[PDB]
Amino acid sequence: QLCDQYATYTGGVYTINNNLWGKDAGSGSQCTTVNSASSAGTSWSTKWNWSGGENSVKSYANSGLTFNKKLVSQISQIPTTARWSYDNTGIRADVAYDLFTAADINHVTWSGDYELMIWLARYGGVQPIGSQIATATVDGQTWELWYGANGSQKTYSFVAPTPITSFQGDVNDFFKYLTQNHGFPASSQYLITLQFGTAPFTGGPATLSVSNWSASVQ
């Protein structure tokens, strides 16, 4: 039961972090519970109540994968499944994959030269960094594609037009899209991080239950 800002637990190839990186922007608390974490997947939940700092993310409690880092151009597949639900959707928050890449394979793993997000859900109109630049079709499904930047990190967010509580896909289809359509430098960027979780702004109490998350990088 993980309540502290960087409380964490690792089982198998999964690492679950409470990751209350934004806690000083508001008032409240958040605890993350690990149900299972094995070679094959992980199940966990996080319960939070946040107020204040309404335009600032308070946290990104998440499960992250331990994998062999490699150039995005050398990746064949990133198969993943995510099944989740929120008990309370009267909130301002999003549910998302978060991936970082860097030119340095030893970059710090909480940021990148690039970031790729895949938002399975958003509540209350909260939005990714930047602006919508395209509607992208990936594996036969449409995504709003956002692009933003903070002057070091450049972030592409693929946003689901409606909530996807049971997702199965290959994240490498998204990297391929970026490489082929947006000049993403796949041959000089290492994939360094692959996480799935939720980013709350305000609301609660609310509980994200992740009944299963799996991924691999081949």
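All residue numbers refer to positions in the sequence shown, first residue = 1.
- Relative to its counterpart among 91-99 and 124-132, 124-132 has the higher mean temperature factor, C-alpha atoms as listed in the PDB entry.
- Comparing 173-181 with 148-156, the higher mean C-alpha B-factor in the PDB entry belongs to 148-156.
- Residues shown: 25, 210, 13, 16. Highest C-alpha temperature factor in the entry: 25.
- Looking at the C-alpha B-factors along this chain, the one for residue 1 belongs to the highest third.
- When the modelled residues of the chain are ordered by their C-alpha B factor, residue 118 lands in the lowest third.
- Among the modelled residues of its chain, residue 69 has a C-alpha B-factor that falls in the middle third according to the deposited record.
- Sort the modelled residues of the chain by CA B factor and residue 46 lands in the lowest third.
- Sort the modelled residues of the chain by CA B factor and residue 8 lands in the highest third.
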